[PDB]
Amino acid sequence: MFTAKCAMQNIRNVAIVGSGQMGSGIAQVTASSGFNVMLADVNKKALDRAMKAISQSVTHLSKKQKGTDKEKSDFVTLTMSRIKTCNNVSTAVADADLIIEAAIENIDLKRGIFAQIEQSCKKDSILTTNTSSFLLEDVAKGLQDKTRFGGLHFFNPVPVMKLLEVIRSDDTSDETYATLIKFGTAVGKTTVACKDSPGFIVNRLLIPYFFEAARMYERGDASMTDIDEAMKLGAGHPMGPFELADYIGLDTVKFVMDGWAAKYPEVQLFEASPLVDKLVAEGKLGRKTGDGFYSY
């Protein structure tokens, strides 16, 4: 983490635009790792919600440490003082060296956010998205300097999940990409490198594998519970595909696979699943609603 941090003298102040679960988790690990954080969202209620969740989580971790009760709360306040909030994007990004967008998955809203960002940030600022749902080319399409754009695809809960996929568009410069690799490593992650291809690595291989399982079930070849057992037991996976999809969220999996089906209409693997569609249309989204493939 230090080898990386000390090789990015240029990157001291980070702005995260969007204050939901991912934005708040990215803010937490960025602060814990020693950078200054500005978390931005026009939604004040969301900003308050995030800072309470971060504060909780940081406090929680400190409790595991060895040390005096002062040593611990000292640790929490050092971390939290690196995090500031702002309800105006242009103000928030004015002194940022790296900006990470974690907003709603809507391409016009994101492009609008990036136009605001580039109007206000520093000339050599690096801009990034955490999206799972769009190509970096399509997010960056209006920017003046595409060579300082890339992707930082974390996984929820960000403080717990080690992996980080670091993405380059066709236009990302080598220097910007290398900086992004060092930032992922500085914040404690195991980075993997991917081009701007739908699904990067994890989702591109996992979501179609899940849909293939659903498809097997829908043809009537085997039951959901036998599928899951065969994969845990035959391949060592800790969750079968249906449990996995419930865990990720059905709405989450459908929405990604829907964007692929539409952009890549000739690719058989990306067809929607009558059954996924019907479960999401019913609000049976998986664990987070208590009910998807299975009940919880």
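Sequential numbering from 1, following the sequence displayed.
Taking the mean C-alpha B-factor of each stretch as recorded, 283 to 291 and 16 to 24 are not equal, and the higher mean is that of 283 to 291.
Look at the mean CA B-factor for 59 to 67 and for 261 to 269 in the entry; the higher one is 59 to 67. In the deposited coordinates, the residue among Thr185, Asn203, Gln119, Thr129 with the greatest CA B-factor is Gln119.
The entry lists C-alpha B-factors for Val76, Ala92, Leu180, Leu163, and the highest of these is at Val76. In the deposited entry, the Cα temperature factor of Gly142 sits in the top third of values across the chain's modelled residues.
When all modelled residues of the chain are sorted by CA temperature factor, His153 is found within the lowest third. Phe242: CA B factor in the lowest third of modelled residues in this chain (values from the PDB entry). When the CA B factors of the chain's modelled residues are split into thirds, the value for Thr172 lands in the middle one. Ranked by Cα temperature factor within the chain, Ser33 sits in the lowest third according to the deposited record.
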